[PDB]
Amino acid sequence: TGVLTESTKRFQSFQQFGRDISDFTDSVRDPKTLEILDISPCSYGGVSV
Amino acid sequence: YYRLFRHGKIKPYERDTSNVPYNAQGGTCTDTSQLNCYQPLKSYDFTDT
Amino acid sequence: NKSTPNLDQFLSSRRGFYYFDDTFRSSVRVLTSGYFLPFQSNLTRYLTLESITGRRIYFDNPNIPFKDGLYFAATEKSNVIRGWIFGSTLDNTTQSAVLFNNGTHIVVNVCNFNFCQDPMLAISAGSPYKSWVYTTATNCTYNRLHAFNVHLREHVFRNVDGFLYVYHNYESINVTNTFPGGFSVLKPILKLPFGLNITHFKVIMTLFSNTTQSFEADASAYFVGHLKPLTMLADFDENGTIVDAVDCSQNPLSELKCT
Ligand SMILES: *[C@@H]1O[C@H](CO)[C@@H](O[C@@H]2O[C@H](CO)[C@@H](O[C@@H]3O[C@H](CO)[C@@H](O[C@@H]4O[C@H](CO)[C@@H](O)[C@H](O)[C@@H]4O)[C@H](O)[C@@H]3O)[C@H](O)[C@H]2NC(C)=O)[C@H](O)[C@H]1NC(C)=O
Ligand SMILES: *[C@@H]1O[C@H](CO)[C@@H](O[C@@H]2O[C@H](CO)[C@@H](O)[C@H](O)[C@H]2NC(C)=O)[C@H](O)[C@H]1NC(C)=O
Ligand SMILES: *[C@@H]1O[C@H](CO)[C@@H](O[C@@H]2O[C@H](CO)[C@@H](O)[C@H](O)[C@H]2NC(C)=O)[C@H](O)[C@H]1NC(C)=O
Ligand SMILES: *[C@@H]1O[C@H](CO)[C@@H](O)[C@H](O)[C@H]1NC(C)=O
Ligand SMILES: *[C@@H]1O[C@H](CO)[C@@H](O)[C@H](O)[C@H]1NC(C)=O
Ligand SMILES: *[C@@H]1O[C@H](CO)[C@@H](O)[C@H](O)[C@H]1NC(C)=O
Ligand SMILES: *[C@@H]1O[C@H](CO)[C@@H](O)[C@H](O)[C@H]1NC(C)=O
Ligand SMILES: *[C@@H]1O[C@H](CO)[C@@H](O)[C@H](O)[C@H]1NC(C)=O
Ligand SMILES: *[C@@H]1O[C@H](CO)[C@@H](O)[C@H](O)[C@H]1NC(C)=O
């Protein structure tokens with residue numbers, strides 16, 4: 001669940017998704033277009049009342 | 001056919017397609033029709049009744 | 001007619017590291033345990049050398065036990081070492097595999113081969129003449145051909161869960177008698193679902209001549225090493241590539257660097 005945006009990363013030849021040190025997925029090869037995307041938490045930051 | 005006598009146990013995803021006499025006492029044997037020789041394969045019996 | 005092999009041993013330096021998993025990483029140090037070639041261990045060398053006095057040919061090709069993996073290096077010219085034979089008894093009682101790569105193309109076969117005494121390919125550096133590897137093959141299960149036509153060539157052979165793993169690397173060197181020194185990483189190329197019991201392997205050689213019906217000798221060498229259960233540490237760069245590794249059972253600095 002999250003917002004999808006254009007990406008500028010590089011993928012090592014054949015590769016389907018990329019993760020980070022916390023194993024948080026943040027990239028997909030989105031088949032039928034082959035244009036790498038970026039994933040982001042729906043809401044992240046901080047809201048105070 | 002299914003194998004009935006073998007010295008050791010097989011490993012995962014490994015097959016054996018051998019047919020050699022199995023000596024009960026020891027390692028090798030090259031003569032059947034004896035009092036201690038045993039063919040290593042036995043045949044199922046799928047009859048009507 | 002052959003001469004008793006010289007089972008001389010050199011030092012393995014820091015070679016024999018390969019890729020142990022298919023995950024993707026970036027700037028990560030991962031500690032693993034597995035079956036690897038220990039650093040600075042005796043590597044047994046076999047040689048092919050020109051005859052000088054008479055029938056003094058050093059045509060080395062014994063049966064080397066597989067155990068728990070194998071590391072195989074070759075320093076040669078004009079492609080004298082070409083193929084490998086894996087099996088258990090290497091007879092027509094048990095299924096065996098041949099993984100020839102040179103010649104016309106890469107031929108990978110699993111059959112009930114009845115091999116000869118000297119698995120020697122009677123060809124030259126180009127436009128080959130004959131093929132002497134087989135005598136009979138009754139029951140063939142796998143036949144594959146892959147389209148493809150002093151140095152250092154490196155291979156690693158493993159057998160896990162009925163899959164034969166082959167890893168390969170190449171480098172260009174210049175040396176005369178000793179063994180080189182340096183760091184190499186082996187990339188995964190071949191993974192075959194054969195599912196057979198491999199306990200012995202043998203090499204295939206070629207005899208270069210001079211437009212004659214008689215064949216004799218070449219200059220080359222191949223090195224053999226056995227794998228052992230160890231623990232190691234690896235390092236990854238931005239774009240996945242192994243830059244260095246350490247052996248956590250060699251010297252106190254190694255266990256310090258591994259803890
Ligand atoms: C891969 O293939 C090789 C054969 O090419 C297998 O190697 C065989 O391994 C067995 C041991 O498991 C070895 O010994 C045989 O079994 C007994 C000793 O362990 C001996 O026979 C027995 O003697 C007992 C005592 O008298 C008796 O109670 C029992 O009933 C039986 O008679 C004898 O020594 C046998 O030879 C074989 O020699 C060995 N064959 C070889 C080396 O050619 C290997 O196990 C296979 N690996 C896998 C994973 O399947
Ligand atoms: C999967 O199919 C889609 C069409 O359903 C392909 O997208 C078209 O690709 C062609 C070029 O090959 C373009 O000219 C079209 O404009 C594309 N149309 C759409 C709907 O995207 C897509 O290329 C195919 N994927 C693969 C890997 O062939
Ligand atoms: C990862 O790959 C990039 C791209 O190949 C490497 O950066 C290149 O480095 C070479 C010199 O070695 C330059 O000529 C290129 O212009 C560089 N390209 C880019 C996109 O930076 C980078 O060095 C590699 N790094 C790793 C971790 O291997
Ligand atoms: C190699 O073998 C020689 C002779 O047995 C031995 O002295 C030497 O220590 C060995 N090398 C290794 C691996 O330590
Ligand atoms: C030894 O002599 C035999 C004779 O048949 C020959 O086939 C074999 O190739 C010779 N040895 C080598 C390794 O060339
Ligand atoms: C099997 O191989 C042995 C040894 O080479 C040979 O004596 C025998 O004739 C061969 N039999 C078959 C099945 O071809
Ligand atoms: C090959 O398999 C057939 C059964 O399909 C069998 O009759 C034949 O004897 C086998 N031959 C060998 C030597 O593997
Ligand atoms: C090392 O380089 C020299 C010069 O190119 C060459 O003659 C020699 O054959 C090379 N090494 C060996 C012994 O193959
Ligand atoms: C040519 O053949 C002869 C043997 O007849 C051999 O001694 C010589 O080294 C060969 N030279 C070449 C050009 O290969």
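Heavy atoms only: backbone and side chains are in, while hydrogens, waters and symmetry mates are out. Just so we're on the same page: letters track the sequence lines, and every chain starts at 1.
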Please report the C-alpha distance between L121(C) and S131(C) in whole Å, then the side-chain angles of each, then the deciding distance to 0.1 Å, and finally whether the side chain to side chain contact (heavy atoms under 4.5 Å, CB included) criterion is met. CA-CA 5 Å; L121(C) 186 65; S131(C) 299; 3.8 Å; yes
Between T17(B) and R15(B), does a side-chain hydrogen bond (donor to acceptor under 3.5 Å, both in side chains) hold up when you go through it step by step? CA-CA 7 Å; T17(B) 317; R15(B) 68 177 65 87; 5.6 Å; no
Could you go step by step and tell me if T48(C) and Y46(C) meet the side-chain hydrogen bond (donor to acceptor under 3.5 Å, both in side chains) rule? CA-CA 7 Å; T48(C) 302; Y46(C) 306 70; over 6 Å; no
Does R15(C) form a side chain to side chain contact (heavy atoms under 4.5 Å, CB included) with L152(C)? I'd like the steps, not just the answer. CA-CA 12 Å; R15(C) 311 238 186 197; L152(C) 195 40; 3.5 Å; yes
Determine whether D16(B) and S18(B) satisfy the following criterion, side-chain hydrogen bond (donor to acceptor under 3.5 Å, both in side chains), listing intermediate values before the conclusion. CA-CA 6 Å; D16(B) 189 1; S18(B) 310; 2.4 Å; yes
Dump the intermediate steps for ring pair (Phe, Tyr, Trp, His ring centres under 6.0 Å) on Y38(B) and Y22(B), then the final yes or no. CA-CA 6 Å; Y38(B) 282 131; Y22(B) 172 89; 8.0 Å; no
Residue pair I189(C), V166(C): steps toward the side chain to side chain contact (heavy atoms under 4.5 Å, CB included) verdict: CA-CA 6 Å; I189(C) 67 158; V166(C) 170; 4.2 Å; yes
Please report the C-alpha distance between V98(C) and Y134(C) in whole Å, then the side-chain angles of each, then the deciding distance to 0.1 Å, and finally whether the side chain to side chain contact (heavy atoms under 4.5 Å, CB included) criterion is met. CA-CA 10 Å; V98(C) 298; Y134(C) 305 104; 3.2 Å; yes
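For the atom pair CG (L47(C)) and CG (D218(C)), the distance works out to 11.0 Å, reported to the nearest 0.5 Å. Here the straight-line distance linking atom CG of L233(C) with atom OG1 of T259(C) works out to 10.0 Å at 0.5 Å rounding. The CZ atom of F179(C) sits 10.5 Å away from atom CZ of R45(C), with the distance rounded to the nearest 0.5 Å. Here CG of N92(C) is found 8.0 Å from OG1 of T89(C). Values are rounded to the nearest 0.5 Å. Here the straight-line distance linking atom CG of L192(C) with atom CG of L99(C) works out to 6.5 Å at 0.5 Å rounding.
Tracing side-chain contacts under 4.5 Å through hydrophobic residues (I, L, V, M, F, W, Y), one never reaches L164(C) starting from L227(C); they form parts of separate clusters. Note on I57(C) and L7(C): same hydrophobic cluster, where clusters join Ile, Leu, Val, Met, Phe, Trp and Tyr whose side-chain heavy atoms are under 4.5 Å apart, directly or indirectly. When the side chains of ILVMFWY residues are joined at heavy-atom separations under 4.5 Å, either directly or via intervening members, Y222(C) and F208(C) end up in a single hydrophobic cluster. If you chain together hydrophobic residues whose side chains sit under 4.5 Å apart, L196(C) and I85(C) never meet in one group.
No more than 12 heavy atoms of other residues, nucleotides or ligands shown are found within 6.0 angstrom of OH on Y1(B). In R6(B), the CZ atom is crowded: over 12 heavy atoms of neighbouring residues, nucleotides or ligands sit closer than 6.0 Å. For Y44(A), the OH atom counts as loosely surrounded, since its 6.0 Å shell holds 12 or fewer non-hydrogen atoms of other residues, nucleotides or ligands. Atom CD of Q117(C) is surrounded by 12 or fewer heavy atoms from other residues, nucleotides or ligands within 6.0 Å. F115(C) CZ: more than 12 foreign heavy atoms inside a 6.0 Å radius. In the displayed structure, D23(A) atom CG is contacted under 6.0 Å by more than 12 heavy atoms of other residues, nucleotides or ligands. Around CZ of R3(B), the count of heavy atoms belonging to other residues, nucleotides or ligands within 6.0 Å exceeds 12. Residue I21(A) places its CD1 atom among 12 or fewer non-hydrogen atoms of other residues, nucleotides or ligands, all under 6.0 Å distant.
For the pair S249(C) and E255(C), the tightest heavy-atom approach, listed with the atom from each and the gap, is CA-OE2, 3.4 Å. Taking both residues in full, the closest heavy atoms of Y129(C) and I123(C) are given as N-CG2, 4.0 Å, listed atom of the first, atom of the second, then distance. The two residues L37(C) and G16(C) make their nearest non-hydrogen contact at CD2-CA, 4.3 Å. Residues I106(C) and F148(C) approach most closely at CD1-CB, 3.5 Å, considering heavy atoms. Counting all heavy atoms, side chain and backbone alike, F100(C) lies closest to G83(C) at CD1-CA, 3.5 Å. Between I64(C) and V224(C), the closest heavy-atom pair is CD1-CG2, 3.7 Å.
Note on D244(C) versus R14(C): no salt bridge recorded, every NZ/NE/NH1/NH2 to OD/OE distance being 4.0 Å or above. Residues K2(C) and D118(C) are paired through a salt bridge, judged by an N-O separation under 4.0 Å between the basic side chain and the carboxylate.
Between the side chains of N23(B) and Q25(B), a donor-acceptor pair is found at a separation under 3.5 Å. Side-chain contact, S22(A) with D20(A): a donor N or O sits under 3.5 Å from an acceptor N or O.
Here the rule is ring pair (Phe, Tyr, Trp, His ring centres under 6.0 Å) with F194(C), and of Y165(C), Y142(C), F157(C) only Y142(C) fits it. Partner of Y18(C) under the side-chain contact (heavy atoms from CB on, under 4.5 Å) criterion, out of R158(C), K187(C), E154(C): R158(C) alone. A ring pair (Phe, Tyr, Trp, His ring centres under 6.0 Å) with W84(C) is found for one member of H155(C), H200(C), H168(C) and no other, namely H155(C). If you run ring pair (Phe, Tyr, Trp, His ring centres under 6.0 Å) between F17(C) and each of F39(C), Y167(C), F36(C), only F36(C) comes through. Of the candidates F72(C), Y35(C), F86(C), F66(C) forms a ring pair (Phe, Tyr, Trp, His ring centres under 6.0 Å) with just one, namely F86(C).
Between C140(C) and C111(C), the gamma sulfurs sit within a distance below 2.5 angstrom.
Contact check for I173(C) versus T75(C): side-chain heavy atoms found under the 4.5 Å cut-off. Put simply, the side chain of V150(C) reaches to within 4.5 Å of the side chain of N174(C), judged on heavy atoms. Within the 4.5 Å cutoff, the side chain of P40(B) has heavy atoms near those of the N19(B) side chain. Between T241(C) and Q12(A) the shortest side-chain heavy-atom distance does not fall below 4.5 Å. Residues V246(C) and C258(C) are not in side-chain contact: their nearest non-hydrogen atoms beyond the backbone lie 4.5 Å or more apart. Residues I198(C) and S88(C) fail the side-chain proximity criterion, which asks for heavy atoms closer than 4.5 Å. With a 4.5 Å cut-off on side-chain heavy atoms, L43(C) and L11(C) do not count as touching.
Ring geometry for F236(C) against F20(C) counts as perpendicular: the plane angle is over 60°, on a 0 to 90° scale with 30° as the lower cut.
A distance-only check finds no donor-acceptor pair linking the side chain of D161(C) to the backbone of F163(C) [under 3.5 Å]. Panel note: side chain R82(C), backbone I204(C); no donor-acceptor pair is recorded below 3.5 Å.
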